[PDB]
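Visitor: Shown below is the structure under consideration.
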Amino acid sequence: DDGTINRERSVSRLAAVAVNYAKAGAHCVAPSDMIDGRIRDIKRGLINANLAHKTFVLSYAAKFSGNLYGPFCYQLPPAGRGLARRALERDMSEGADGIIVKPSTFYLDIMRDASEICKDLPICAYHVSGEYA
Amino acid sequence: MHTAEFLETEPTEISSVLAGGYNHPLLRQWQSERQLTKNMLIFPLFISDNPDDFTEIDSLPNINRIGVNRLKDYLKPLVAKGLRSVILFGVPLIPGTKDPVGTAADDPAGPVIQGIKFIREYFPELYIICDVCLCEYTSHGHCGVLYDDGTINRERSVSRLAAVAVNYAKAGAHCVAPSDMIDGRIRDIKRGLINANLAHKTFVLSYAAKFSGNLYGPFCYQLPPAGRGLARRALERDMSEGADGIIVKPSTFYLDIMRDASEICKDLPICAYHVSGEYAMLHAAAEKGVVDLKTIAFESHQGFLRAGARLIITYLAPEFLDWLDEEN
Amino acid sequence: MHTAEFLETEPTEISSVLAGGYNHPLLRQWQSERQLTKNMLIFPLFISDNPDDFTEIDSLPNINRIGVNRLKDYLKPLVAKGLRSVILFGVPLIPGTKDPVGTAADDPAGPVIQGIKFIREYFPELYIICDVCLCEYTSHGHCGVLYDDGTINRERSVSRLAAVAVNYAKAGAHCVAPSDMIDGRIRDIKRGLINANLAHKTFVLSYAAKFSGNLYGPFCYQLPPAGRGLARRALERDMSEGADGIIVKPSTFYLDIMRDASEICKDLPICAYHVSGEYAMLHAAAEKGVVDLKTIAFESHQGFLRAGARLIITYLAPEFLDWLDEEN
Amino acid sequence: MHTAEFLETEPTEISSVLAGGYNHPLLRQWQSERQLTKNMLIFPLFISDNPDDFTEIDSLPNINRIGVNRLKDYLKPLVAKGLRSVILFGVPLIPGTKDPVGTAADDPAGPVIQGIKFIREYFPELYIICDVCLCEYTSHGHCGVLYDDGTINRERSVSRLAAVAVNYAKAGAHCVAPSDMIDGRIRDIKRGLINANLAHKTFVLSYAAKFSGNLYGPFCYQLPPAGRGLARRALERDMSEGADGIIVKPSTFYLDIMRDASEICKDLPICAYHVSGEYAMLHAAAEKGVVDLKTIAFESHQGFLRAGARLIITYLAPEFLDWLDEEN
Ligand SMILES: [Pb+2]
Ligand SMILES: [Pb+2]
Ligand SMILES: [Pb+2]
Ligand SMILES: [Pb+2]
Ligand SMILES: [Pb+2]
Ligand SMILES: [Pb+2]
């Protein structure tokens, strides 16, 4: 009510769509929310639906906030470098198969942390439209 | 009808809730490993040999080619705005000063040395950093003393570099930043200072990691933007050779490399350099309204601090000494 | 009746499900720390002193003993197929050229040097790597300059090796790979190049880990297939001595050792070498239909890349420059 | 005349001389992190349902399809030669025993269980390891219990696997090695054993790292020869799930992976498995005289020990129990 995101509900709803996509024929599902614990839930959902062995959970473990998406919710502080590590380490244990870092160029150091933390996971770089433009 | 499906969850793990640590605007100050202050900013200066000069350069810049007689006005406002340091780049325009050995480099009557003496007197507060390269004082324009119609003659160019470096320091400069990339020039510059008993007062700020890309000017020894293993061996090398601080450049495009410097040269101040290319790129982007300059300047400059740096060589110094003063 | 029993399980842990990360054929490209490209392949060449030679060698090979006049045809197709490098091995067949000091080694009129000049002109694109050993230019055939009816006279053999190494580089070779195993030959070859002002253009590709086994030829200083501690001290030694890259050989049988090289010499390109024995072994196996060559060539060569290597010296180069082009 | 040039060296660094540590034949025993003994060798056995069987299989093998009545002769010599263990693989040839749930798997009157009872009595010294898979007892031949005209039904196949695993152990087998690769089957097999109070006597020897290549048979869940990150997450997973030991397979082609296992599963015995493909490859190569079998068997098997393993599942067991006895 006329405030913030209702975690559990939004998450309960997200896992829903995620499995629906996968049931439709999508190979991978990349949740771009940043809402706490949505990988554990999406992972389970896929599991219950026996789709966990064919879907690749490509998480947006590190999504920061800056003037690079559009000019001028849960979204990490461009300076919070300690959070981005705890969030990467969290999604990795929760079941993430791959991790996305975004933006990219402006967060190369953070792409470096991902490389050490999520060492056995494919790391994905995203060139946000802002950088592109 | 297509109804919204909602899966059935589990009680929220306490280890999935980081949120409460970055919810208030002050907690995003509390989450920064390091805050951007004014004594971090380092303003570069292009001191011309024409004592009346003040020629605007360009690509998107707002920086110039000043002269020893316009100097007291340019610097004055800035310094009052709390400027603590500047990195001198001399620009000899006289019709007969460049040559096969950048002889005019340590020239007691040159832009740089006649800039280092001006500051030490009209602004004894300021801290002086001098770039040390033969780039701009050689006929060929190469960064070093060349061999027969080929490559740089290492030892010679190095023997010549340490020379200028100590000459600057004898002139009154606090720090000497060699921007060569010619192997072993820190050991040599360090010794030189030692022989001249100037090693305990000069700060060797090395350009340990200088890569090559379209960010200096559009379109010698200079690291491959991909060679990440070399940049570590070069940082580790200059550190043992005596470097007191390390410079990474460019900056934004080498944040990961600024991260490696932070781990490798952990007890050494790491300096981030916003190359003119990036500077002229933030600006151009700002005019085409792709992003708000001020918004992209902080993001980009706090990334330096996040990535590892505690110092910053940027042309946005004039603007930051303003901004940093602000609150709401 | 014997009925199938089925125990009663627990809900699948999320941390037991890795499966979804390697299910689609593209995810097995996405799971490779490094993909096999063509500029990784390094083709060895046995340049004979008989300028018209093209004698097939053998054990199961398809490689030869070519001469400076057949060279432009052998190389041409390959290079067009995108070949980027070759490692020269000279084979002097003249009746009076071997001896007590491998004098004919750096011979300006030899297979290797008269091969290094041919390439630099008819194929200026190619990258030249030269093996550096006195093995094939000595009467005794030993890898070094011997003492009285015994062992290798270290210092001398080394003093002689650095000599040839710089001679090659003076001739136009880009890289020199010393395959001796004689202690301290990298420090010496590195210095030599330095004195000759050729250290900034020559790539010292050392054979840091050369073991001994039935894989070179069927049946001197050479590491024990079990000495895993020596191979680490030798890698760590050549790295400090100046090695720019490291070669592991054999390859398949020393993948673990390629793994140690990857951790020890982390900022140095690691090169995998498929010894003729392994090559002639994959082939023999292929003919007796134990495995499909092409199937076992990729597995075996991606193991090099997985294990740590980013470069590969193999005789299957002709075949890979083909294969790599393919899709379905 | 072309005279041999000899550069001028520096006095030999003491840190370039490793040589004296591997000069005598005994120092190559002294340099091995671990020596190959007989209680390391693990002989696989293909026990057929036809009690009189002894059918030679093949690709280059010398191994067979034995039966419970020929068993006492095959084993006897070996055991006297000091054989300490065997890994049973049952082969039901009866015309009506395979099916949609590998029901005949834990069959009290099957090759494997009627092999596990034979040994425990006629050779109570031996140590019994049983492979645990539904591969060979299913109509489809898949490694697990399948869903509708597709993939393996995880939970079910797992619920069924733990079942057989405990049945074997109840029969008298000391160890159970699940060769499935179906996620989470160790946690489940471990629990099962626990419920049946057999967890303190059964050794869970997991196939933590089973890759896919042309080395089992020429030409389900099975790791990509390049996925080196998965193999680490899978090893780390089975270790926490209760695995007492880990098996790497194939072996020679995955020595680097045997190296990762050694660091990751440091307090767990690591087992190397020489897949039939490699076995039939050393042999084929030996016949075409590319290498001497005995020479390549030791090199290849000491690489297992060097690479990390302290146990070895190989078909060359008959031969090693011989060889190991030798001296000169
Ligand atoms: Pb320069
Ligand atoms: Pb220049
Ligand atoms: Pb040799
Ligand atoms: Pb030889
Ligand atoms: Pb199976
Ligand atoms: Pb099967």
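Protein chains in written order, with PDB author numbering: chain A, 148 to 219, 234 to 294; chain B, 1 to 219, 234 to 342; chain C, 1 to 219, 234 to 342; chain D, 1 to 219, 234 to 342. Backbone N, C-alpha and C fix where the C-beta goes; we use that ideal spot for every residue, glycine too.
1. Are any of the Cβ atoms in chain C nearer than 8 Å to that of B:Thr-151?
2. Compute every distance between the C-beta of C:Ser-179 and the non-hydrogen atoms of ligand 3, then say whether any falls below 7 Å.
3. Could you please give the first and the last residue of the uninterrupted alpha helix (DSSP H) stretch that includes B:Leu-161?
4. Report all residues for which the CB-ligand distance to some heavy atom of ligand 6 is below 6 Å; order them along the chain.
5. By DSSP's criteria, C:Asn-23 is part of a beta bridge. Which residues make up the other side?
6. Since C:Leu-282 meets chain B, which of its residues come closer than 7 Å, beta carbon to beta carbon?
7. Measuring straight from C-alpha to C-alpha, what distance separates A:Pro-264 and B:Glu-13?
8. Nearest chain A C-beta to D:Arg-246 closer than 8 Å, yes or no?
9. Do the CB positions of A:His-174 and D:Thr-151 come within less than 8 Å of each other?
10. Do the region 29-49 of chain D and the region 87-94 of chain D make contact, defined as three or more Cβ pairs closer than 8 Å?
11. Which of helix, strand or coil does DSSP assign to B:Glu-121?
12. Comparing the C-beta of C:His-2 with each C-beta of chain B, is any distance below 8 Å?
13. Sort out for me which residues DSSP pairs B:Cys-285 with in a bridge.
14. Please list the partners that C:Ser-206 has in chain D, where partner means a Cβ-to-Cβ separation under 8 Å.
15. With hydrogens ignored, establish whether the beta-carbon of D:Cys-130 is closer than 7 Å to any heavy atom of ligand 5.
16. Where does the unbroken beta strand (DSSP E) through D:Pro-95 begin, and where does it stop?
17. B:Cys-130 bridges to which residues according to DSSP?
18. Compute the Euclidean distance between the alpha carbons of B:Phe-334 and D:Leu-18, then round it to the nearest angstrom.
19. How about D:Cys-133: is its Cβ closer than 7 Å to a heavy atom in ligand 5?
20. Using a C-beta cutoff of 8 Å, does C:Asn-23 count as contacting chain A?
21. State the DSSP-derived secondary structure class of B:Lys-201, mapped to helix, strand or coil.
22. With DSSP as the reference, label C:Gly-192 as helix, strand or coil.
23. Any beta carbon from chain B within less than 8 Å of C:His-288's own beta carbon?
24. Which chain C residues are close to D:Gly-317, counting only those with a beta carbon under 8 Å from its beta carbon?
25. Where does D:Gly-184 sit, in a helix, a strand or coil, going by DSSP?
26. Beta-carbon within less than 6 Å of D:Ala-248's beta-carbon, same chain only, minus the 5 sequence neighbours each way: which residues are those?
27. Which of the three DSSP states is assigned to B:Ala-245 in this structure?
28. Kindly list, in the order they appear in chain B, the residues whose Cβ is closer than 8 Å to that of A:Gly-213.
29. Below 9 Å between beta carbons is the criterion; list the residues of the region 2-16 of chain C that meet it against any residue of chain A, in chain order.
30. Could you say if the region 204-218 of chain C and the region 255-264 of chain C meet the contact criterion of at least three C-beta pairs nearer than 8 Å?
31. Go to D:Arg-65, then tell me how far its beta strand (DSSP E) extends in each direction, as first and last residue.
32. So which residues on chain D does C:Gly-172 lean against when the C-beta distance must stay under 8 Å?
33. Check this for me: beta carbons of C:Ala-298 and D:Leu-7, under 8 Å apart or not?
34. Strictly below 8 Å CB to CB, what residues from chain D border C:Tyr-168?
35. Beta carbon of C:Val-304, beta carbon of D:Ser-59: below 8 Å?
36. Here's a check: name, in chain order, each residue in its chain whose Cβ is nearer than 8 Å to the Cβ of D:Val-289, leaving out the five neighbours to either side.
Guide: According to the structure shown:
1. yes
2. yes
3. 154-171
4. D:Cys-135, D:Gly-141 and D:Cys-143
5. Answer by DSSP bridge pairing: none, since C:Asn-23 is not bridged.
6. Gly-243
7. 28 Å
8. yes
9. no
10. yes
11. helix
12. no
13. B:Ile-261 and B:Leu-325
14. Neighbours of C:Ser-206 on chain D: none; closest Cβ ~13 Å, over 8 Å.
15. no
16. Here D:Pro-95 belongs to no beta strand (DSSP E), and DSSP marks it neither H nor E.
17. B:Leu-88 and B:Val-176
18. 58 Å
19. yes
20. yes
21. coil
22. helix
23. no
24. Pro-239, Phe-267, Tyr-268 and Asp-270
25. coil
26. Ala-208
27. helix
28. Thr-309, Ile-310 and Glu-313
29. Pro-11, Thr-12, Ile-14 and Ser-15
30. yes
31. 64-67
32. What C:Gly-172 touches in chain D: nothing, since even the nearest Cβ is about 17 Å away.
33. no
34. Going along chain D, no residue has its Cβ under 8 Å from C:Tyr-168, so there is no contact; the nearest lies around 12 Å.
35. yes
36. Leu-215, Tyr-216, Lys-263, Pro-264 and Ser-265
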